[PDB]
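Here is how names work: the chains are called A, B, and so on, in the same order as the sequence lines, proteins then strands, and each is numbered from 1. Heavy atoms only: backbone and side chains are in, while hydrogens, waters and symmetry mates are out.
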Amino acid sequence: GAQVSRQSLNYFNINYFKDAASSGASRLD
Amino acid sequence: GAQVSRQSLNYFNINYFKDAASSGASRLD
Amino acid sequence: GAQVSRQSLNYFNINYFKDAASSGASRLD
Amino acid sequence: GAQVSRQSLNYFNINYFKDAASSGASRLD
Amino acid sequence: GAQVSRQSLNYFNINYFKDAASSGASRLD
Amino acid sequence: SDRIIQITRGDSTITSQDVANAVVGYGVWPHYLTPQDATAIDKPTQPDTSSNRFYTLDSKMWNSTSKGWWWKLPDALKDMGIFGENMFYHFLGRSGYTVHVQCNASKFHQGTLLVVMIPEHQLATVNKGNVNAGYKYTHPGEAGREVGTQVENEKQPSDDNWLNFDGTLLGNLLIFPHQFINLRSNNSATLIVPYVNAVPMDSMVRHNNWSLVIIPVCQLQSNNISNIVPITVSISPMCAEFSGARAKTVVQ
Amino acid sequence: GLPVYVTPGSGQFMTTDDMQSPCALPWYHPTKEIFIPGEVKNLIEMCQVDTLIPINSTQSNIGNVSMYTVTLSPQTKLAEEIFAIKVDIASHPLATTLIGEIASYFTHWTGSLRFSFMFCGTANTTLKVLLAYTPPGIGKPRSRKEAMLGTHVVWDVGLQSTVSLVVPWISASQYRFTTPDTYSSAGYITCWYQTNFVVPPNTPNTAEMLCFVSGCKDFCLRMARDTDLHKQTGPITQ
Amino acid sequence: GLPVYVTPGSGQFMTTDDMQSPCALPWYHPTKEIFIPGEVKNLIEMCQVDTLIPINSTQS
Amino acid sequence: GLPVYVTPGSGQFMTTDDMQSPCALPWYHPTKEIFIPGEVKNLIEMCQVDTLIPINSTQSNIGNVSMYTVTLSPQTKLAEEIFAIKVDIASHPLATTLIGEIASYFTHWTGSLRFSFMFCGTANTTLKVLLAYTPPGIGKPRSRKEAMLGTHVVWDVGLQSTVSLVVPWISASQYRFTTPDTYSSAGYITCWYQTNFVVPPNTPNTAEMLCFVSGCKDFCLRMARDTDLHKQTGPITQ
Amino acid sequence: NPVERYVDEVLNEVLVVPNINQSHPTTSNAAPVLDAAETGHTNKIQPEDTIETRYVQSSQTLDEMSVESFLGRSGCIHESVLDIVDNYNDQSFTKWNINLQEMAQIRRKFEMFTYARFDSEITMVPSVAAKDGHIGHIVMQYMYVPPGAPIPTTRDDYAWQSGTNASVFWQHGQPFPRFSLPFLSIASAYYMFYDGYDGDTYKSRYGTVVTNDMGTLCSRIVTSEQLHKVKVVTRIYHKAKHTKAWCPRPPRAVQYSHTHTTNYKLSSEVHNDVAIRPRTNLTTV
Amino acid sequence: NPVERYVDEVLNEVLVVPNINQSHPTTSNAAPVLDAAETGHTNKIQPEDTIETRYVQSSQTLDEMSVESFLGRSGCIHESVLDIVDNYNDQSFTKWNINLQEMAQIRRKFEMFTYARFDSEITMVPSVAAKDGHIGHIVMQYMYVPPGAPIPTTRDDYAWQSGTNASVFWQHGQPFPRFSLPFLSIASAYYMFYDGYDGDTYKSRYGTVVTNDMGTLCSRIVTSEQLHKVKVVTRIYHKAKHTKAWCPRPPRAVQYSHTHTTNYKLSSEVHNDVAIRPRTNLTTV
Amino acid sequence: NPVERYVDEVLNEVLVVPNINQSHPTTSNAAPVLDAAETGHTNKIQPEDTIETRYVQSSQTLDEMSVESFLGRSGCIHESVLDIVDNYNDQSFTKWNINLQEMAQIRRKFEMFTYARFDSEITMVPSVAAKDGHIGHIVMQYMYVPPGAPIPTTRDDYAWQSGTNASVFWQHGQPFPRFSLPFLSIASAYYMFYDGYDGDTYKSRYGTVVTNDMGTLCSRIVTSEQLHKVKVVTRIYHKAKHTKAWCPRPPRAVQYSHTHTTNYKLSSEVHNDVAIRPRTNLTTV
Ligand SMILES: CCCCCCCCCCCCCC(=O)O
Ligand SMILES: CCCCCCCCCCCCCC(=O)O
Ligand SMILES: CCCCCCCCCCCCCC(=O)O
């Protein structure tokens with residue numbers, strides 16, 4: 001998945017696999 | 001093929017080969 | 001080259017090299 | 001991160017890791 | 001750098017390094 | 001008439017009533033150095049008409065056995081008036097040239113001279129290992145070199161006209177700015193060449209930018225051989241400018 | 001990470017590939033480019049310039065300027081043959097001409113060729129010659145009559161010293177091999193006396209002729225390859 | 001650099017794969033295509049043409 | 001997965017590459033940056049500052065402050081030579097100056113050089129000197145007359161103690177090699193008595209002069225390289 | 001424009017140098033060539049002021065002379081050796097007190113400034129020498145042990161578990177390991193020099209050893225003992241990134257002798273200890 | 001259109017050649033076939049002027065004949081040898097004064113021009129020959145030493161630290177190393193030929209050796225001494241990119257004998273020294 | 001739609017076959033089943049015309065029967081052998097006159113057409129057999145030598161410099177080499193058959209050897225001589241891409257005997273030379 005943001009500073013939060021366990025470290029807060 | 005969705009959470013369902021047999025596991029339902 | 005199509009089902013026909021001989025199998029018809 | 005510019009000459013300043021120390025050499029000035 | 005063109009046949013002239021000497025063969029004329 | 005030509009440079013005017021048009025080396029007319037291409041920062045000196053004039057060299061005699069002649073520029077003009085003085089008082093120099101080769105005979109004569117202007121004519125030595133042509137040999141002055149005469153020496157350059165004195169075939173010299181003096185057609189050749197180099201200005205003492213090569217490709221023949229047929233060369237600098245003034249350099 | 005599939009060819013080094021690579025001297029700024037007369041952008045520019053054909057390259061002439069000249073003189077027999085060579089751009093004696101040397105760096109050629117000839121006798125020497133191009137599928141002409149049935153130019157010597165004969169591209173295939181190949185041998189170019197070499201009295205009874213070659217507007221080379229007109233049999237040292 | 005995951009199959013050579021590859025003759029321009037009668041685009045075209053059956057193919 | 005083609009160069013380690021890499025200390029927040037006077041952003045800033053030339057570095061002077069001074073005194077012969085050195089920024093004795101040391105970390109240099117001289121005799125000591133720059137293509141001047149034909153400055157000693165001679169960039173090529181190379185040897189800078197060193201009675205009959213060097217607005221270095229002005233012949237231990 | 005600045009980066013034309021303008025003859029009571037070095041300032045005279053110059057458009061750029069460029073090249077800072085001679089358990093692991101003081105080339109460059117702040121890119125080049133013929137399957141472990149963390153004393157020490165410390169595992173045949181480290185100091189910048197002590201007595205330590213503790217690099221051959229003995233040498237390379245430097249200083253003029261100290265040795269003939277070459281006399285070029 | 005130009009690049013139809021137009025019989029006092037080679041110009045006569053031609057649409061393109069294409073092919077310029085025979089310390093490293101004069105094939109192509117400007121792509125092909133059986137773990141270091149930089153004199157010379165010079169480390173089993181170099185000259189273009197000296201005396205050097213100093217390539221086997229001796233041969237390949245050339249010249253007609261010089265040798269029978277093949281006579285094809 | 005056509009490509013439903021429609025009993029003086037094969041045309045009668053058919057929706061597609069598909073499979077065309085037996089210098093290199101005539105499987109498929117035009121994908125599969133135990137470090141060089149280019153006669157021949165020819169260097173352990181070649185002919189299509197000669201005499205050559213010269217493939221083990229001898233076999237695979245074919249013909253019915261020729265051998269019992277199996281009689285299925 002690609003959680004594309006915009007500001008231009010575009011953020012591409014990509015999830016390469018189809019399972020939540022596969023993603024990297026979580027964000028804080 | 002790229003089945004790009006939008007919500008911003010963009011989904012990129014990519015098919016790297018030209019044969020249906022090549023794609024990964026099917027969706028449910 | 002990227003022959004981007006739209007329908008959303010986007011098609012990305014990419015040619016990675018600069019010579020026609022380099023591309024893969026031709027389309028039919 | 002992707003600092004996409006536009007002019008068309010698009011610039012893609014990508015940061016592949018989540019730490020500032022990971023990026024390449026700094027710009028001048 | 002990405003010199004994105006449009007026609008849809010999009011052209012992606014990408015320069016992966018930050019030095020002119022690094023790019024491939026020049027265009028003619 | 002297209003057979004005629006008059007060339008005026010400074011206080012000199014040269015004429016010919018039987019020319020074969022004229023050649024402008026690489027299609028570029030000589031011009032002064034621009035500030036976009038310049039590197040040396042001192043203001044250049046431009047003698048103008050006192051240096052950009054025709055200087056006539058020592059004449060040579062063409063006979064049935066002649067193998068050719070060559071001169072190097074600016075070396076050939078090192079002792080020619082104001083132009084010569086300037087090339088020794090300054091570290092840097094820059095110039096274009098109008099080369100006018102003269103040779104008349106008679107209509108009952110026949111012969112052909114290939115006149116060529118070669119940029120960076122780096123001469124070779126033959127069967128001498130890595131020993132290269134000595135400074136003195138590539139700086140003969142207005143006397144130039146008579147191919148087929150010079151008594152050999154170790155640092156002596158090649159004298160093979162068919163190998164362009166550098167390991168390449170004579171037949172391909174035509175790729176360089178050139179003309180022919182075919183006695184039945186013309187009695188002179190005219191070549192105007194611009195400054196050609198990988199740097200905007202250079203030492204006129206240790207770098208010869210152009211080389212004038214004259215090879216008789218068709219033997220001089222007639223039924224009145226006692227009449228001497230000379231070849232005369234007149235060269236006029238163009239847009240000559242110098243930089244880096246100091247004392248006068250003395251060679252040798 | 002992004003799933004990838006390493007394709008065949010990966011890791012190989014092909015001398016003609018066109019990839020990008022990191023610069024060993026980052027931040028380095030090359031010397032400003034200055035204007036230099038004589039820039040060349042395409043080798044075709046060099047193929048369009050005449051260079052001399054060492055047409056008289058017999059063993060006794062090689063190593064002498066005479067290998068570039070053809071002698072003409074008063075004939076006692078009519079319609080005598082002056083010279084004959086193959087038209088093939090990379091064959092001998094055309095091989096060492098500039099266009100022949102460049103053609104030797106390619107595998108295929110096409111287009112029309114321009115052969116020029118400059119008479120160098122006295123201004124009072126007259127002559128008419130027949131330059132002929134014999135398309136393939138037949139042997140070289142054995143006589144002037146046989147030769148003139150093909151493509152030709154009758155050259156009259158006069159105030160203008162040079163004449164040109166164009167060898168048109170007459171081929172079954174769009175291209176031909178540059179190296180000596182039967183199937184694609186382009187034919188011959190021969191020269192014959194049309195009338196005779198004539199001079200007044202007290203005038204040299206022989207004269208020379210120079211021969212040139214270059215390519216016409218349709219000339220073109222294809223498929224780069226190493227040349228066989230130059231070699232290295234030992235180390236080139238310092 | 002972009003994090004990647006080399007998948008099984010990588011580096012293999014399958015005679016029926018359909019990948020792209022660098023051209024050994026860059027800048028080369030192929031001979032112009034001319035019209036030739038009789039082009040075939042699909043083998044079905046050949047299956048639709050009658051041919052004789054060697055029906056009496058006894059050894060003799 | 002995405003089909004990829006591994007290019008030549010992959011897996012190699014080039015000390016001058018500019019790639020990204022994972023951080024060994026994730027989440028780590030560096031110490032806040034505070035203001036510190038004296039920040040340097042470009043080495044050119046250091047090349048523009050004068051440093052002393054160890055011009056009098058004869059064997060007997062090295063290891064002593066006297067290696068930085070040149071002695072002047074009343075002359076009995078006119079137009080005597082005071083000193084002479086090469087102008088080449090990385091040659092000796094310029095090599096160990098700050099600009100010379102920095103130039104030794106690069107392969108090429110260009111631009112004009114600024115040489116300054118401060119007279120250190122008594123306030124009642126007078127003198128006129130001629131500082132000359134001799135462009136290349138000739139040997140160093142053998143006399144004042146020969147030297148003044150080139151670029152020069154006639155320095156009159158007075159209330160203002162220091163004078164500057166600029167060695168303009170006079171070269172065939174846009175750049176020169178920093179290491180001692182014939183083709184690109186920039187010339188010489190010599191010093192001669194223009195009049196004479198004069199003092200009233202009861203005043204020291206000799207005086208010192210200090211010499212400085214720095215680069216002008218057009219000075220520039222290129223192509224980073226390791227220096228040969230410093231070495232390591234053994235392990236540096238704890 | 002972030003795209004116009006991009007073009008300047010590719011062409012390396014971010015920092016251009018001034019042109020030389022045409023000048024003319026002058027006769028004035030304003031004498032730029034005259035000044036006073038006593039002020040501590042450099043005369044700002046330019047070529048146009050001392051000779052008649054022509055107009056010249058400069059094309060040179062100062063990009064490569066930037067601090068980022070100068071210190072942004074990867075150089076060797078350590079050569080770790082694991083030589084299996086006669087005892088695998090004792091010779092298959094080692095440690096190194098991290099510092100940039102042991103290799104002259106990079107040390108001298110950084111020491112041309114008093115303070116410097118930067119992130120670090122560490123690249124490792126391991127090479128396995130087959131002393132007996134084979135190398136087998138070599139797997140290495142490089143662990144960064146910050147000051148305070150337990151230092152391993154055996155090849156199977158629990159500290160190798162690396163439950164918190166960062167460890168990099170390399171497998172022979174795989175590309176060279178590489179990782180980035182963020183500016184590590186407890187201060188705002190690293191001290192290239194430090195005129196201070198860790199106390200006020202005759203026995204207090206002096207210099208950068210007091211302020212530059214970076215911890216230890218502990219290495220070990222992960223692979224258990226093999227029949228054939230090997231000698232693994234891992235060379236460590238360092239490159240500064242996102243750099244800032246303050247207060248430039250004179251370059252090191254003599255060989256270094258020890259780490260964290262400016263100490264030096266002098267022979268009986270000092271001209272041999274410096275790069276200065278003796279001149280015959282004042283007028284011999 | 002940057003997309004229409006893209007299609008022409010893929011199809012290699014950027015530079016098209018002119019068509020041949022239909023011509024007809026003529027009778028005129030204008031004789032195109034006649035000219036004067038003495039002028040130094042080539043007669044511009046075309047086929048339509050000498051015969052009756054038909055109309056033909058040309059499909060040929062000159063793309064492949066471009067200078068970029070001609071000089072844009074990677075060719076061998078050096079074959080470095082590190083042969084371990086009896087002394088590892090002396091035989092495990094070497095150096096080469098860089099130049100494009102030692103291999104005939106690429107040298108001749110570049111020498112068809114007087115000046116040339118281009119960036120360079122260097123590709124290295126190392127091959128380790130197992131003289132005794134094994135190769136162990138081979139790691140190579142290739143360091144570019146620009147003129148002036150210290151040249152290593154031992155395999156452990158401090159210069160190998162490469163604190164500023166660019167070094168490429170290759171590991172056996174990894175892909176071939178490759179990097180780009182920007183146009184390196186202090187001038188605007190490289191001299192393929194130079195009719196000048198580095199002085200004005202009988203002992204001054206002549207030719208391109210005066211202007212073409214590119215520094216040195218220093219190599220060494222990083223791996224320390226191994227039981228089994230190897231012979232590592234690294235072949236260097238060069239390819240010009242973003243090329244420009246000026247003043248074409250006659251191709252080299254005889255074998256090269258030395259670097260930076262046009263010198264040649266001649267035998268007693270010169271026809272053996274050139275590619276020209278003796279003709280029986282003027283009329284024997 | 002370029003996206004709807006995309007879906008058909010993935011599903012392989014670009015070329016659909018016609019449905020069968022329902023038919024009914026008929027009584028007419030129009031007899032579709034009757035025709036005349038003498039015309040040289042095939043009767044176009046369909047099942048609906050001879051029986052009473054039901055309606056059936058066809059789902060079959062002809063995509064896989066396309067010419068691109070038929071000839072678009074990579075097959076072996078050559079098996080190059082470099083067998084080190086007793087002389088490395090002579091046995092470490094070889095050459096092959098390129099052609100698609102030596103392997104029956106792909107040759108027969110292409111020969112089902114008279115002319116064919118296509119680009120080629122060449123894939124190489126090298127395998128190093130350790131005859132003495134080790135293989136060391138094997139690096140191969142494959143050079144394409146177009147007709148006319150100098151052919152190497154030794155393993156160190158200058159031609160291996162490959163200053164212009166294309167060469168592919170492969171390193172043992174790296175993936176299989178692969179590159180594309182554009183349609184190479186001097187004509188518009190390749191001749192699968194050629195009823196012509198290269199002259200008009202009793203000694204002129206006949207067949208495709210006259211028109212199909214593709215040059216030579218020169219190979220060599222780049223690695224210098226090693227202690228242990230190896231046998232390197234490189235198998236070459238070819239696949240046609242972007243294909244067009246003209247004038248289909250009868251399939252090869254007997255074994256091939258030589259390249260570029262339709263020659264064949266016949267035994268005393270011809271039924272053994274063809275795939276036809278003798279029938280007992282006309283009525284024995
Ligand atoms: C595994 C080794 C970590 C690599 C070395 C990192 C060095 C960064 C710290 C620089 C501080 C310089 C002060 C000093 O001389 O000690
Ligand atoms: C590690 C080797 C650097 C590779 C070689 C780079 C060559 C580029 C310079 C070309 C200049 C040609 C002049 C000459 O003949 O020396
Ligand atoms: C390194 C080998 C090049 C690989 C082979 C390429 C083959 C393409 C040409 C096809 C022409 C068929 C005619 C024939 O039977 O010879």
Engaged part of [X] at the chain J interface, taking heavy atoms whose separation is under 4.5 Å:
| X | result |
| --- | --- |
| I:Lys140 | side chain |
| I:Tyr188 | side chain |
| I:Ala95 | neither |
| I:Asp17 | both |
| I:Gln48 | both |
| I:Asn61 | neither |
| I:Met19 | both |
| I:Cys191 | neither |
| I:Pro37 | backbone |
| I:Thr58 | both |
| I:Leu159 | neither |
| I:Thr151 | side chain |
| I:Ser112 | side chain |
| I:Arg114 | side chain |

Q: Just give me the residue among I:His152, I:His92, I:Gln232 that pairs up with chain J most often, heavy atom to heavy atom, under 4.5 Å.
A: I:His92
When [options] are compared by non-hydrogen pairs under 4.5 Å with chain I, the top option:
| options | answer |
| --- | --- |
| J:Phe113, J:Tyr115, J:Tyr144 | J:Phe113 |
| J:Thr61, J:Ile20, J:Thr123 | J:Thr123 |
| J:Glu102, J:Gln255, J:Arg73, J:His271 | J:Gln255 |

For [X], which atoms come within 4.5 Å of any heavy atom of chain I: side chain, backbone, both, or neither?
| X | value |
| --- | --- |
| J:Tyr237 | side chain |
| J:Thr280 | backbone |
| J:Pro250 | neither |
| J:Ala187 | backbone |
| J:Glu48 | side chain |
| J:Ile51 | side chain |

**Q.** Contact summary for I:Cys23 and J:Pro182, nearest pair of heavy atoms
**A.** SG-CD, 3.8 Å
Within the supplied structure, the quantity of interest is the number of heavy atoms (other residues, nucleotides, ligands) at a distance under 6.0 Å from [X] [atom1]; does it exceed 12?
| X | atom1 | result |
| --- | --- | --- |
| I:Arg142 | CZ | no |
| J:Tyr191 | OH | no |
| J:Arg205 | CZ | yes |

Q: Compute whether any side-chain donor of one residue and acceptor of the other, for J:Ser180 and I:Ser21, lie under 3.5 angstrom apart.
A: yes
Q) Can J:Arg252 and I:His230 be counted as having a side-chain donor-acceptor contact under 3.5 angstrom? A) no
Q. Would you call the rings of J:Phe70 and I:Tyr105 parallel, tilted or perpendicular, where under 30° means parallel and over 60° means perpendicular?
A. perpendicular
**Q.** Sidechain N-carboxylate O distance under 4.0 Å for I:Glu33, J:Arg117
**A.** yes
Q.
Checking I:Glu101 against J:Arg108 for the salt bridge (charged side-chain N to carboxylate O under 4.0 Å, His left out) test, could you report, in this order, the C-alpha distance in whole Å, the side-chain angles of both residues, the deciding distance, and whether it holds?
A. CA-CA 11 Å; I:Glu101 289 278 6; J:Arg108 189 168 188 268; 2.8 Å; yes
Q: List the steps, then state whether side chain to side chain contact (heavy atoms under 4.5 Å, CB included) holds for J:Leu62 with I:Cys220.
A: CA-CA 7 Å; J:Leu62 305 166; I:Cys220 188; 3.7 Å; yes
